[PDB]
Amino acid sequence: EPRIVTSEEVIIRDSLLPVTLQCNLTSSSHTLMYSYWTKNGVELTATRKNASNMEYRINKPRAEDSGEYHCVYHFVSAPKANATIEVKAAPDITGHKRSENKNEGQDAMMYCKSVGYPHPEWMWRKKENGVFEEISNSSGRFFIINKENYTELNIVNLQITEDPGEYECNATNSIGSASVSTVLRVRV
């Protein structure tokens, strides 16, 4: 039963300083065939080395670099072993609609996509009087689909009096928040 010690959980705050992840194989009854690093379940490029003490350097760390990292140890004649290091960052919203123009009675569809771990929670707001406030569904016309890295707001039966304006999506996790906005224009 092999033993692996790791460096501590990493919280990314900005992109200046590199961050280094470490795993040390501290006990083994089997010869090491090789060890590598994975990120979010996928092997990282050129990390396969035959070293008990592994390091992974993240240069210019960003939200894209966050996730669950594993140092994996493949043994000759024995099952693999791994340990986990979490690298956390504030969300980054990577996709949205800048604007949407629809007709009265049609449906509006707005969305946002994020990168960052832990996956964010999402909220939609509308800008009124310079302040982004919570969206009322008193009308029953607002539908929100929230996934881990994606949110979607649908507004059915568009009304030109009430619906136009600036809508923003806010992605929040324990590290921080990000938001972007979409302008909705209703016509006809």
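The numbering used is simple: start at 1 and walk along the sequence shown.
J.: Would you tell me which stretch averages the higher CA B-factor in the PDB entry, 128 to 136 or 158 to 166?
T.: Per the PDB entry, the higher value belongs to 128 to 136.
J.: Mean C-alpha B factor from the entry: is it higher for 38 to 46 or for 62 to 70?
T.: The stretch with the larger mean CA B-factor is 38 to 46.
J.: Based on the deposited C-alpha B factors for this chain, I'd like to know if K97 is in the lowest, middle or highest third.
T.: It falls in the bottom third of the chain.
J.: Among the chain's modelled residues, which third holds the C-alpha B-factor of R57?
T.: For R57, whose C-alpha B-factor we compare with every modelled residue in the chain, the answer is the middle third.
J.: Is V76 in the lowest, middle or highest third of its chain when residues are ranked by C-alpha B-factor?
T.: CA B-factor rank for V76: highest third.
J.: Ranking the modelled residues of this chain by C-alpha B-factor as given in the entry, is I4 in the lowest, middle or highest third?
T.: Top third by C-alpha B-factor.
J.: Please place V183 in the lowest, middle or highest third of its chain according to the CA B-factor in the PDB entry.
T.: Middle third by C-alpha B-factor.
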